[PDB]
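J.: Can you look at this? It's an experimental structure, sequence on top.
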Amino acid sequence: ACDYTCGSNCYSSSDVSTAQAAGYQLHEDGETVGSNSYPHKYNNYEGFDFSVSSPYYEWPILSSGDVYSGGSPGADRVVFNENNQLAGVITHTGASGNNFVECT
């Protein structure tokens, strides 16, 4: 199981989906979290090979705390579009300017 082990953290790809509907439910609800709109749309440029849609989105995924709301996730950050599908787990720290990149 856990196919997204980043920073030495075998995250469950099935658990990432739940957190995937976390930043999504908010993006579609129009509401927001913390106070800076965490769930936003990612344009992508590095060089991925996702196969979902164009209008991606970013939101932090956790496996112990809970929905991002009172702390600082950063680094891991599964992407998505508007159906809680899954663009891929990208990291925001393993690349200059914590750019995003498939967890490898």
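T.: Structure received. Numbering: from 1, shown residues only.
J.: Assign a three-state SS to residue 97, would you?
T.: At residue 97 the chain is in helix, as set by DSSP: H, G, I helix; E, B strand; the rest coil.
J.: what's the distance between it and residue 22?
T.: For residue 97, the distance to residue 22 equals 25 Å [C-beta to C-beta, to the nearest Å]. All C-beta atoms are positioned from the backbone trio N, CA, C, and that covers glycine.
J.: Comparing the two, which residue is more hemmed in?
T.: residue 22 (23 against 7; other C-beta atoms under 10 Å).
J.: did I read that right, that one in a helix?
T.: Yes. Counting by three-state DSSP, residue 22 is located in a helix.
J.: my guess is it contacts residue 73, does it?
T.: No. Between residue 22 and residue 73 there is no contact under C-beta atoms under 8 Å: 10.9 Å.
J.: Return every residue with contacts to both of those two.
T.: residue 61 (C-beta atoms under 8 Å, 6 or more residues apart in numbering).
J.: Next up, the contacts around residue 67.
T.: 19, 22, 33.
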